[PDB]
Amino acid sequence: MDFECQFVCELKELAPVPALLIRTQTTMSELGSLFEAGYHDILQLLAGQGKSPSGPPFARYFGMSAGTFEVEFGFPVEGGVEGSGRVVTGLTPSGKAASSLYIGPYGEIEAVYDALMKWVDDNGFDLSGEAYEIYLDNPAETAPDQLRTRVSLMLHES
């Protein structure tokens, strides 16, 4: 039951758009707490300016899974939005990525990374080491067998 990139994996060119982000670090064990806290505080901050997110939330990773690791997470937003405290104005990812949609629990998401790494290797692409996840559904409110995540591995320079 290994994911297959045969038909669904693709290379995307990502258009960078504005976002509000929390740029910090965490451990596997604190990641859920962190996201629930941060994602809520951002929404709160958006509402503070009578603004709404313009897209589902996302996270960026690098050197993940090992001890304490880097994470950037947030929401894409309309222009004119401003951050406050640790919530900052930045951008969504730009450039090329090897990308696939995944449906299922986040726990079994490793398989999609496996398949994406096989597919990158086969097609002779090179990775930056960065991963990009878009959480299309709120996991709290969404059945696991219906939970949509887009998984992207960022590609390296020319």
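When you see a residue number, it is the position in the sequence shown, counting from 1.
Per the PDB record, of the two stretches 86-94 and 58-66, 58-66 carries the greater mean B-factor over its C-alpha atoms. Of the two segments, 122-130 and 34-42, the one listed with the higher mean B-factor is 122-130 (C-alpha atoms only).
Among all modelled residues in this chain, the alpha-carbon of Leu155 has a temperature factor (C-alpha) in the middle third. Ranked by Cα temperature factor within the chain, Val71 sits in the lowest third according to the deposited record. Ranked against the other modelled residues of its chain, the C-alpha B-factor of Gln25 as given in the entry falls in the lowest third.
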